[PDB]
Amino acid sequence: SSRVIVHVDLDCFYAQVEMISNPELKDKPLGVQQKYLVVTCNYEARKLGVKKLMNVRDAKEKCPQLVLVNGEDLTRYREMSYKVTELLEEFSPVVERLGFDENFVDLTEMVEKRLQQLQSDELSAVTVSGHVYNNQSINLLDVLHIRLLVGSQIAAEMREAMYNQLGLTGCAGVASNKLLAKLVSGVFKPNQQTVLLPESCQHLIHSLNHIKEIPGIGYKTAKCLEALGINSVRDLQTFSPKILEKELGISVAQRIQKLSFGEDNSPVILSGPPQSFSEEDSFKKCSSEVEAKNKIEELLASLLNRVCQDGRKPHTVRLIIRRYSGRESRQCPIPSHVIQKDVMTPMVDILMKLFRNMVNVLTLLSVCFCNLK
DNA sequence: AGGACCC
DNA sequence: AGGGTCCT
Ligand SMILES: [Cl-]
């Protein structure tokens, strides 16, 4: 049973939000700064050589006119992110969030509903919206092609609604599973879409230049694969299954070897409301382990406002720390009476105990509310 | 708790 | 960087 999946990928998301907030930035090169880092930038800045996650000095020495806005407070980005997800959920309810700026939508049922409504002569006029990957020829008699073209039409409706209703541009990719939809959505950027017909799957997967470019193959797995002489997609396709299992475990080995062929049976999961709320701060050294209570009190204060708005409350609190020159965490249940929401002073007490439990009286402090109900 | 992955 | 997910 084949599926029609769309991957929606917002262009330079934080920059888009900031440009909407201050139109004066719309025509100037823009970078969103967090600490010493340019986490993202609009395309005007990318023209001038600015890259994501490029340190501010390197970025200013490449674009001295680069306008910098602070993006350490994620509140506005998070709000717009959920407006996108909710808009897509109106199309079809099964929407999976991947970070703040990507969504997967399973269009299968929607596509079949639209096809049922078409007349015979109507079927021969089905047209693609946007790009066809690798300029592949469409066969209107192929039912897989028809379904994917209808997927491309729904994807264009989504992108038009996002722009008309929210002012945001993004790319979309339409394919038969999540892996392929996500790989194909970035083929034409920015603000464009691409559909992958099945015959071009091997062309898409072999277009990658490192196995680390496969979604799901992270730093540790890549480093491990490279240690085995596996570098290209075809290397992973042809590597011995038995050895790969022994080195990576059978779960990781079998899944990522399927990914190397473009195979991905994973379902689109309805993300729904978030599973956790957290806030953090990075810094160079906080060994005044009495200022930590101040940092933790500030983080806790802002978090408390967010928990009130969601309406659901956390049943677990967690404190994370990073050690000077990799993280450690302590969690514990939140006492039931404390959940009625002055909750600061008890929360600080709980958190400090977790703190003291971990540190003997730091480059990061993070507080998380989780286990929601 | 810790580790893998994602943006 | 400042967030998130699920698995062991
Ligand atoms: Cl499987």
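So that the names make sense, note that chain A is the first sequence line, chain B the second, and so on, each numbered from 1.
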### A:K35 NZ to C:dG2 P, straight-line distance once rounded to whole Å
4 Å
### Task
Give a yes/no answer on whether the side chain of A:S282 brings an N or O atom under 4.0 Å of OP1 or OP2 in C:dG2.
yes
### Query
Should the sugar of C:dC6 be assigned to the north (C3'-endo side) or south (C2'-endo side) class according to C1'-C2'-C3'-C4'?
south
### Query
How long is the line joining CG of A:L53 and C1' of C:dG3, in whole Å?
13 Å
### Query
Which comes earlier along DNA chain C counting from the 5' end, the contact point of A:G71 or that of A:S251, where each point is its nearest nucleotide?
A:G71
### Query
Where do A:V128 and A:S152 come nearest, in terms of heavy atoms and distance?
CG2-OG, 3.6 Å
### Query
So, A:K178 and A:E96, do they make that salt bridge, N to O below 4.0 Å?
yes
### Query
Counting only side-chain N and O atoms of A:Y36, is one of them less than 4.0 Å from OP1 or OP2 of C:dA1?
yes
### Task
Give one of base, sugar-phosphate or nothing for A:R97, where a contact means two heavy atoms less than 4.0 Å apart.
nothing
### Message
Can you confirm whether the side chains of A:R3 and A:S176 place a donor and an acceptor under 3.5 Å from each other?
### Response
no
### Task
Check every strand shown and say whether A:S276 touches a base, only sugar-phosphate, or nothing at a heavy-atom separation below 4.0 Å.
sugar-phosphate
### Task
Can you tell me the distance, in whole Å, between the CG atom of A:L259 and the P atom of B:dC5?
12 Å
### Task
Output the single nucleotide from C:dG4, B:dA1, C:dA1 whose closest atom is nearest the side chain of A:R306.
C:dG4
### Task
Would you tell me if any nitrogen or oxygen in the side chain of A:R78 comes within less than 4.0 Å of OP1 or OP2 on C:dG2?
no
### Message
Parallel, tilted or perpendicular: which one describes the rings of A:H203 and A:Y133, with boundaries at 30° and 60°?
### Response
perpendicular
### Pucker family (sign of torsion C1'-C2'-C3'-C4'), C:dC7
south
### Message
Both A:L74 and A:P273 contact DNA chain C. Which one's nearest nucleotide lies toward the 5' end?
### Response
A:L74
### Summary
Atom CZ of A:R318 and atom P of C:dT5 are separated, to the nearest Å, by 11 Å
### Query
In whole angstroms, how far is the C1' atom of C:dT5 from the CD1 atom of A:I320?
14 Å
### Query
Going by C1'-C2'-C3'-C4', which side is B:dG3 on: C3'-endo/north or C2'-endo/south?
south
### Message
Between P on C:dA1 and CG on A:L68, what's the gap in Å once rounded to a whole number?
### Response
17 Å
### Task
Starting at atom CD of A:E72, determine the distance to atom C1' of C:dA1, rounded to an integer number of angstrom.
8 Å
### Message
Measuring to OP1 and OP2 of C:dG4, would you say a side-chain N or O of A:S278 lies under 4.0 angstrom away?
### Response
yes
### Task
State plainly whether the residues A:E328 and A:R318 are in salt-bridge range, i.e. N to O under 4.0 Å.
no
### Summary
Separation of C:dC6 atom P from A:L372 atom CG, nearest Å, is 12 Å
### Task
Ignoring backbone atoms, establish whether A:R330 has a side-chain N or O less than 4.0 Å from OP1 or OP2 of B:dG2.
yes
### Query
Got a donor-acceptor contact below 3.5 angstrom from the A:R255 side chain to the A:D264 backbone?
no
### Task
Considering just the side-chain nitrogens and oxygens of A:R327, establish if one lies under 4.0 Å of OP1 or OP2 belonging to C:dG2.
no
